[PDB]
Amino acid sequence: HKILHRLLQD
Amino acid sequence: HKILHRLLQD
Amino acid sequence: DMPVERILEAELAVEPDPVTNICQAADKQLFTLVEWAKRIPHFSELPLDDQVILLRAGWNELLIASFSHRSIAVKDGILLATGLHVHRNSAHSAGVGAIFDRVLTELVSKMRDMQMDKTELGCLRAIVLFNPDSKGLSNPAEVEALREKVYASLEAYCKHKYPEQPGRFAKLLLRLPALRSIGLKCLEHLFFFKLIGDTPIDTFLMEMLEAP
Amino acid sequence: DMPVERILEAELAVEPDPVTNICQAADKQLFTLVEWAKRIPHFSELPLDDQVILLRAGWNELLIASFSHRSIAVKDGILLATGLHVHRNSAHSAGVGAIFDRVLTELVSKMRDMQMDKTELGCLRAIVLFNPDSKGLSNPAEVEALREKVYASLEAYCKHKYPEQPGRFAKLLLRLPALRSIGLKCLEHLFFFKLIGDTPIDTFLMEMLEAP
Ligand SMILES: CC1(C)CCC(C)(C)c2cc3c(cc21)CC[C@]1(CCc2cc(C(=O)O)ccc2O1)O3
Ligand SMILES: CC1(C)CCC(C)(C)c2cc3c(cc21)CC[C@]1(CCc2cc(C(=O)O)ccc2O1)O3
């Protein structure tokens, strides 16, 4: 799940 | 729904 | 009013391959469930058409909650009203392991960890029975009023029996979303067993699965 | 602790054919939903893997509750965050009338009749976010503890803001089973639109529908 991980990393 | 009606009538 | 005493009597008055055994027991408990509902205060005073709508709407969750609480002392399994223990290994090896584990984890274990008593179980089932969102009820407000009386009684009962657990009333109510989700998934399986057509489905269970 | 003030700021910080418009708006709100979750106290302190599990588990109910409360003043319709009003006639004429009416009757109207405020909405969404039954969480107990703090705060808030409505806290919690049921049905539709393949599903919405 690329997008969710990237946004939660910020 | 035969059965449910008949049992609720008692 | 809605005294928790009477709700508790209703529970005590009805006390007693795996997929076939569970479907056969379900049909047997449907008869017992009608007798339970008629002992819940003010249910029999509702219009007959609405008693049908409520029971057709809630029978699955009502009976799932029943066997879940009956399975407290059972480890890694459930106890059907016929006295048969269904172990999770049997459920996995019959292709229904995932939903079975959901019952154990989300329902049985939670009931076990909090030691949900039969009065709280009855009130929870009464709340489910008095479902004001059931489609077609001639008077949704009356059913909603009956539901409010149940959980007004259940909260007062919790605060009296368990004064040291302030969040317990809320904890009970927050198992209903899991019960709702598990009831729907169990219905999906039943309709599949019916579609395949080699699982014995008796007349009362079959009538619950037919269209309104 | 879990102060309802902070939960309320999280809601205010993210304030703004029909099936295509709804699916496009859903993808847009998924980005906003991540920002909301990061403002909910202690959510960002959870393991990253669990933040993913909670958001993948609850995004549908979280966003359904959002547009439902946004649609209070709308009659016979919903208001998407893009500013578009979807009326129930449009939903019926697009083949999704039944689930749309379920949203209006079981969610929007109930929120309207009780005048659910944005603090109660935020707490309800926080309870849904902190779902201890989500499969795969590295520590279900921590998420359950966070959920208990939310509804301990929400009950105390209800009893203070609305002392004249003793059953209001319970009434709020008893909309979660309907939200659960409606979320699942909406998911079934999405997977059908994906299967048919002529409905535009953008990358983030698509990622929520893919397997873990
Ligand atoms: C086989 C399948 C799909 C998977 C396993 C579980 C346990 C989830 C299940 C459960 C399941 C049903 C099916 C399944 C059908 C409906 C139903 C309804 C509740 C119920 C209670 C009793 C009892 O009180 O004695 C007996 C049977 C019974 O049947 O409950
Ligand atoms: C078309 C269909 C199946 C029937 C009608 C309803 C309203 C039930 C619906 C609702 C529906 C979804 C589909 C449907 C997909 C997922 C989702 C999730 C919640 C949501 C919120 C907003 C907003 O906050 O702006 C925008 C879109 C959005 O999309 O909600």
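Counting convention: from 1, in listed order, for ligands and their atoms alike. As a basis for the values below, the full set of heavy atoms in this structure was taken, side chains included, without hydrogen atoms, waters or symmetry mates. Within every chain, numbering begins at 1; the chains are lettered A, B, ... in the order of the sequence lines, protein sequences first and strands thereafter.
Annotation: atom 23 (C) of ligand 2 to nearest protein heavy atom, D:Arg70 NH1, 3.6 Å. For atom 7 (C) of ligand 2, the nearest protein heavy atom (residue, atom name, distance) is D:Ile78 CD1, 3.7 Å. Atom 28 (C) of ligand 2 has its closest protein heavy atom at D:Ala26 CB, 3.5 Å. Atom 25 (O) of ligand 1 has C:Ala81 N, 2.7 Å as its closest protein atom, hydrogens excluded (heavy atom only). Distance from atom 8 (C) of ligand 2 to its nearest protein heavy atom, with residue and atom name: D:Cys186 SG, 3.6 Å. Ranking the protein heavy atoms by distance from atom 12 (C) of ligand 2 puts D:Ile22 CG2, 3.6 Å first. Looking at atom 20 (C) of ligand 2, its nearest protein heavy atom turns out to be D:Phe67 CD2, 3.9 Å. When only non-hydrogen protein atoms are considered, atom 5 (C) of ligand 1 lies nearest to C:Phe100 CD1, 3.8 Å. Nearest protein heavy-atom contact of atom 16 (C) of ligand 2 is D:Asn60 OD1, 3.8 Å.
For atom 2 (C) of ligand 1, the nearest protein heavy atom is 4.0 Å or more away.
Heavy atoms of other residues, nucleotides or ligands lying less than 6.0 angstrom from NZ of C:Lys185 number 12 at most. Annotation: D:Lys135, atom NZ; neighbour count of heavy atoms from other residues, nucleotides and ligands within 6.0 Å is above 12. Enclosure of atom CZ in C:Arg168 by more than 12 non-hydrogen atoms of other residues, nucleotides or ligands within 6.0 angstrom is indicated.
Comment: C:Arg147 does not engage C:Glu144 in a salt bridge, judged by the lack of any side-chain N to carboxylate O separation of less than 4.0 angstrom. One finds a salt bridge joining C:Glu61 and C:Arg180 here, because a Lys/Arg side-chain nitrogen approaches an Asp/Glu carboxylate oxygen to under 4.0 Å.
Here the closest heavy-atom approach between residue C:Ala126 and residue C:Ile7 is recorded as CB-CD1, 4.4 Å. When every heavy atom of D:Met111 is checked against every heavy atom of D:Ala65, the shortest pair comes out as CE-O, 3.9 Å.
Within the listing of ligand 1, atoms 4 (C) sit less than 4.0 angstrom from a heavy atom of C:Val96. Set against the non-hydrogen atoms of D:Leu80, the atoms of ligand 2 under 4.0 Å away are 25 (O), 26 (C). Per-residue contacts place C:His189 under 4.0 angstrom from the following atoms of ligand 1 (heavy atoms of the residue considered): 3 (C).
D:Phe43 and D:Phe130 have tilted rings, their planes meeting at an angle from 30° to 60° on a 0 to 90° scale.
In the model, D:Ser181 has a side-chain atom that pairs as donor or acceptor with a side-chain atom of D:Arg102 under 3.5 Å.
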